[PDB]
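Right, one structure below, let's go through it.
For neighbour counting, all protein chains shown are included, and Cβ atoms are generated from backbone atoms with ideal geometry for every residue, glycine included. All of this is worked out from the model, or read from it or from the source named; no laboratory instrument gave them.
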2 protein chains.
Amino acid sequence: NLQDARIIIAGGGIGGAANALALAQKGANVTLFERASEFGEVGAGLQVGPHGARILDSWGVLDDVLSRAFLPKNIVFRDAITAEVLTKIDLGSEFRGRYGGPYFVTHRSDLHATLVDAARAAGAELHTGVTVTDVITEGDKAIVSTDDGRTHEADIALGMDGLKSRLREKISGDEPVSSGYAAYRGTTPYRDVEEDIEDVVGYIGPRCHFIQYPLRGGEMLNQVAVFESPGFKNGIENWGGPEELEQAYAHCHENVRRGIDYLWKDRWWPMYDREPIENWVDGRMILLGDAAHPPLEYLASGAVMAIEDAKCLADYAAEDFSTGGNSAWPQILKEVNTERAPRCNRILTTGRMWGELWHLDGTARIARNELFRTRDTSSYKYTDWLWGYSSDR
Amino acid sequence: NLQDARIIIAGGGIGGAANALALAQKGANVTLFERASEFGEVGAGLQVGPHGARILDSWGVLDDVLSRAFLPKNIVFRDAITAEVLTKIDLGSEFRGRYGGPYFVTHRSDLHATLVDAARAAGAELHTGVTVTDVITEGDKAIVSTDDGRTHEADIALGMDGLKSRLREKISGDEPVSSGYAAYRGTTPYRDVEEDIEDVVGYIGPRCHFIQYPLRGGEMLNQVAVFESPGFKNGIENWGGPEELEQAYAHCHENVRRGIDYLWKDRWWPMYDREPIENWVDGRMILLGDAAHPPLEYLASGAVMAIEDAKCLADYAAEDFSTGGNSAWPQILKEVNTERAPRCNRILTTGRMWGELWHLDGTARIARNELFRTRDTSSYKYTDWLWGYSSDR
Ligand SMILES: Cc1cc2nc3c(=O)[nH]c(=O)nc-3n(C[C@H](O)[C@H](O)[C@H](O)COP(=O)(O)OP(=O)(O)OC[C@H]3O[C@@H](n4cnc5c(N)ncnc54)[C@H](O)[C@@H]3O)c2cc1C
Ligand SMILES: Cc1cc2nc3c(=O)[nH]c(=O)nc-3n(C[C@H](O)[C@H](O)[C@H](O)COP(=O)(O)OP(=O)(O)OC[C@H]3O[C@@H](n4cnc5c(N)ncnc54)[C@H](O)[C@@H]3O)c2cc1C
């Protein structure tokens with residue numbers, strides 16, 4: 001275990017909170033700096049497959065999380081134009097048996113608050129309203145600077161400052177790559193939404209998709225609309241605005257079009273990712289979460305990847321640190337990097353392809369529809385790589 | 001039977017020859033006018049599925065045709081970039097059992113000469129070097145004008161003057177619609193072509209395909225390359241020239257690229273079709289063959305459709321004419337039109353989609369490839385509509 005280790009975490013999102021919890025459960029001294037003045041996430045849904053569920057259970061927080069979550073029966077793909085079901089992924093007991101946990105959906109804010117509170121309970125020292133302005137390595141320590149003039153010493157630091165990470169600049173000059181798709185969200189009271197839904201339902205169509213699922217044991221309905229923005233292709237800086245919505249879904253089924261009216265219009269998420277990179281480490285600093293591997297939303301695994309990052313790091317560290325102390329941190333970081341890069345980078349890359357597959361038109365959509373419909377649903381070859389992965393060695 | 005009937009056929013291609021044979025076998029008086037000074041087709045291959053094979057057998061000419069033909073074992077689809085097999089259609093005995101004939105390939109010129117000779121043997125009067133310049137209906141007869149100043153009387157006339165039919169102008173002002181794909185052909189001695197091929201092999205790729213099959217009992221190899229012409233999209237009148245070939249296949253596998261060198265470069269077929277039409281009849285004139293339903297090459301059924309046209313017409317006429325004589329011709333023509341239009345027009349329309357499916361790129365090609373690979377090969381749902389059709393009533 002990590003009793004003698006000091007780790008500093010720049011960033012307090014799902015990633016940084018998950019890592020605080022994982023490490024402090026191992027007895028490490030953890031200090032986390034979050035820029036925002038309170039901890040919080042959007043009060044909208046996210047999806048957490050069994051690859052994340054499992055890990056939350058090993059942390060002892062899954063039951064509590066499930067008590068405020070929803071357990072869908074299936075993932076259902078529908079054609080966005082005809083509303084016709086193309087296929088289902090069964091989330092029943094064979095699925096739970098094989099992957100070792102439920103696929104569930106919950107409020108981001110609830111999941112985030114659960115991890116913060118459990119990190120706090122495990123002994124992690126968390127600080128809001130504090131921006132990390134620099135990390136360098138000197139001798140065998142990470143030196144972290146904060147925007148109040150202080151510097152802090154630790155054995156390693158974790159750069160978990162998200163998609164627009166400034167700590168990533170130590171390792172790479174790349175910029176975010178726009179997919180040209182904008183994402184809108186909504187949460188409505190179930191009853192108020194205009195039949196019944198017990199699943200994650202994804203309507204896929206040319207240049208768009210529309211996702212729905214219940215939350216809080218059937219009481220809320222989350223809705224997400226993602227569409228290709230004409231404005232991005234014409235050079236607009238603040239592209240994807242709400243005026244584009246109606247024209248974006250005009251070709252789609254009524255079920256999809258009714259859905260548009262429940263969305264929040266005062267805020268949206270233009271969708272970026274980054275080209276995959278191999279190396280995430282700089283001396284005694286490692287990038288994790290969106291800072292190292294920000295994906296497009298299609299595999300619903302960005303936050304799950306950060307959760308995996310946390311487990312892997314804590315597991316690899318607790319194994320190696322017991323015997324070689326502070327001196328072993330760089331080898332540990334490297335080994336975490338080697339395990340995590342291939343896995344996460346395939347998600348980045350396959351996520352782009354999967355997304356493109358949702359958005360086909362013309363003859364390509366006919367082929368796509370028929371491919372989904374005629375598949376062997378007992379086979380797990382499209383999904384084992386994603387849901388069946390573990391970092392255990 | 002049709003002993004008392006006089007039919008005039010404008011056009012002497014596979015269509016018009018097939019119709020001469022069908023009708024003269026029923027005892028009709030047949031006169032055919034062909035514009036070219038000799039009968040002949042290109043000395044290159046075509047494909048004749050069981051939907052045409054069957055009919056040739058009922059005419060008594062299939063055995064003779066088969067003695068100069070090739071019988072492939074399969075239709076094999078390969079990815080034009082990787083050369084990887086995507087799927088096969090088995091042409092074995094289950095296939096022959098179900099559809100009632102072989103799928104075969106032969107020289108167009110051989111098939112054409114066989115039908116001409118058998119039409120001649122059945123009593124059809126054939127005339128080369130004679131252009132039909134007009135057909136009108138008067139009272140209960142078709143009056144046909146020829147480019148030597150003569151007019152000719154018959155009970156009906158068949159307009160089988162091909163893709164660029166001028167008789168079609170009596171019924172419709174439409175023009176040929178360019179697909180923007182150009183087709184090149186080649187026939188090489190089998191041995192001289194650079195492993196072994198016993199099938200129809202179709203390499204499908206972005207913006208192109210390349211088809212191969214043996215002829216004359218394994219002695220020749222037919223090769224066909226079809227590619228999207230950059231020149232068509234830029235407004236060139238005589239588009240699809242041979243200079244475009246190399247760039248068109250540069251992205252493809254070596255097997256495909258070696259293939260390009262065997263093609264005839266001094267002649268090519270830019271590919272046109274026409275929007276489907278319902279009505280083919282004008283008084284006592286019916287359009288048949290390419291004049292009524294010219295397809296793109298993808299289902300390999302243009303000439304087969306003309307062969308079906310012949311059978312249907314002769315069968316429907318011999319049934320109805322025995323009892324109501326010359327007076328029944330318009331009702332006969334209408335009934336042939338009603339049987340044949342839905343069938344042929346679905347071929348026109350599905351042929352476009354099938355073609356587009358061959359030419360996908362990007363993620364769409366990945367979906368397409370996987371769709372071909374994972375299909376139930378024992379199922380016949382993609383093919384019954386095409387190969388299992390009969391006009392028998
Ligand atoms: C529309 C949409 C839907 C999604 N759905 C899903 C889903 O269903 N399932 C799923 O698993 N994933 C999903 N994701 C991905 C997921 O939201 C992210 O991958 C995940 O939140 C990344 O977490 P993170 O902690 O690495 O980074 P972030 O969550 O971006 O948090 C980084 C934190 O660091 C703070 N920060 C920044 N700079 C500094 C600094 N210098 N010092 C201190 N703090 C700093 C920020 O304030 C922020 O709180 C989705 C993403 C989007 C856009
Ligand atoms: C590259 C390519 C590959 C193909 N492969 C296949 C295949 O594999 N299988 C298949 O089944 N089909 C195939 N086809 C389709 C097939 O070639 C045609 O559909 C078929 O030949 C049409 O026959 P037709 O007799 O109706 O018309 P045409 O064959 O065009 O013949 C019409 C005839 O009428 C004559 N004519 C024109 N005007 C007059 C007039 N005023 N008076 C007298 N005569 C006139 C012309 O000289 C011509 O001989 C292919 C086509 C192409 C372009």
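Laid out as a table, the results:
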| read-out | value |
| --- | --- |
| Meets criteria (farther than 16 Å from B:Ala18 by Cα and surrounded by fewer than 16 Cβ atoms within 10 Å (Cβ to Cβ)) for B:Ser165 | no |
| Condition met for B:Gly217 (of a type in the set (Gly, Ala, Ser) and part of a helix (DSSP H, G or I)) | yes |
| Index of the failed condition, B:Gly259 passing every other in (1) of a type in the set (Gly, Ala, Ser); (2) farther than 22 Å from B:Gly388 by Cβ; (3) out of contact with any strand residue (DSSP E or B) (no Cβ under 6 Å at 6 or more places or on another chain) | (3) |
| Filter result for A:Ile332 (within 12 Å of chain B (Cβ to nearest Cβ), over 22 Å from A:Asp273 (Cβ atoms) and β-branched (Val, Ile, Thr)) | no |
| Selection count, the stretch A:325-361, where residues are of a type in the set (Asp, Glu) and more than 26 Å from the chain's Cα centre (by Cα) | 1 |
| Boolean, A:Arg343 is facing chain B (nearest Cβ under 10 Å), basic (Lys, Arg) and in a helix (DSSP H, G or I) | no |
| A:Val304 vs. criteria of a type in the set (A, V, I, L, M) and touching a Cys at 6+ places or on another chain (Cβ under 9 Å) | no |
| Of all residues making up the stretch A:348-369, the number that are out of contact with any helix residue (DSSP H, G or I) (no Cβ under 6 Å at 6 or more places or on another chain) and either of a type outside the set (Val, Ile, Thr) or more than 9 Å from chain B (Cβ to nearest Cβ) (or both) | 10 |
| Number of the exception - A:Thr128 against (1) closer than 24 Å to A:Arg68 by Cα; (2) touching a strand residue (DSSP E or B) at 6+ places or on another chain (Cβ under 6 Å) | (1) |
| Test result for B:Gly12, away from every other protein chain (no Cβ under 14 Å), part of a loop (DSSP other than H, G, I, E, B), crowded, with 22+ Cβ neighbours inside 10 Å and within 13 Å of ligand 2 (Cβ to nearest atom) | yes |
| Residue match in the stretch B:46-57 (condition: among the basic types (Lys, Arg), touching a helix residue (DSSP H, G or I) at 6+ places or on another chain (Cβ under 9 Å) and surrounded by 17 or more Cβ atoms within 10 Å (Cβ to Cβ)) | yes |
| Complete set of residues in the stretch A:41-69 that are outside any helix (DSSP H, G or I) and within 23 Å of A:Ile7 (Cβ to Cβ) | A:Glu41, A:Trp59, A:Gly60, A:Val61 |
| Some residue of the stretch B:235-253 being touching a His at 6+ places or on another chain (Cβ under 8 Å) and not hydroxyl-bearing (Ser, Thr, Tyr) | no |
| Filtered residue count, the stretch B:70-88, keeping only those that are within 16 Å of ligand 2 (Cβ to nearest atom) and part of a loop (DSSP other than H, G, I, E, B) | 2 |
| Lone qualifier among A:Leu62, A:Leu46, A:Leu32, A:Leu66 - being among the hydrophobic types (A, V, I, L, M, F, W, C) and either within 16 Å of ligand 2 (Cβ to nearest atom) or not assigned by CATH to the domain that holds A:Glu219 (or both) | A:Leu32 |
| Of the criteria (1) within 14 Å of another protein chain (Cβ to nearest Cβ); (2) more than 24 Å from B:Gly100 (Cβ to Cβ), which one B:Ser378 fails | (2) |
| Enumeration of residues in the stretch B:382-393 that are within 23 Å of the chain's Cα centre (by Cα) and more than 10 Å from chain A (Cβ to nearest Cβ) | B:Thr383, B:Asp384, B:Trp385, B:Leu386, B:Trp387, B:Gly388, B:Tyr389, B:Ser390, B:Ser391, B:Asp392 |
| Test: A:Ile332 is under 16 Å from A:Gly49 (Cβ atoms), away from ligand 2 (no atom under 16 Å from the Cβ) and outside the structural domain of A:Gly52 (by CATH) | no |
| Count of residues meeting criterion [touching a strand residue (DSSP E or B) at 6+ places or on another chain (Cβ under 6 Å) and not in a strand (DSSP E or B)] in the stretch B:184-193 | 2 |
| Breaking point among (1) exposed (fewer than 14 other Cβ atoms within 10 Å of the Cβ); (2) outside the structural domain of B:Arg284 (by CATH), for B:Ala367 | (1) |
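Yes/no matrix, rows are residues, columns are (1) away from ligand 1 (no atom under 16 Å from the Cβ); (2) more than 22 Å from B:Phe372 (Cβ to Cβ); (3) among the aromatic types (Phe, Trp, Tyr); (4) within 14 Å of chain A (Cβ to nearest Cβ):
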| position | (1), (2), (3), (4) |
| --- | --- |
| B:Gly205 | yes, no, no, no |
| B:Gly218 | yes, yes, no, no |
| B:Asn222 | yes, yes, no, no |
| B:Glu243 | yes, yes, no, no |
| B:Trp269 | yes, yes, yes, no |
| B:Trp280 | yes, yes, yes, no |
| B:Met285 | yes, yes, no, no |
| B:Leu288 | yes, yes, no, no |
| B:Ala292 | yes, yes, no, no |
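Table: residues versus (1) within 14 Å of ligand 2 (Cβ to nearest atom); (2) closer than 18 Å to B:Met160 by Cα.
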site: B:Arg284; (1), (2): no, yes
site: B:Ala291; (1), (2): yes, yes
site: B:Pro294; (1), (2): yes, yes
site: B:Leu299; (1), (2): yes, no
site: B:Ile307; (1), (2): yes, yes
site: B:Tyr316; (1), (2): no, no
site: B:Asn326; (1), (2): no, no
site: B:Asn337; (1), (2): no, yes
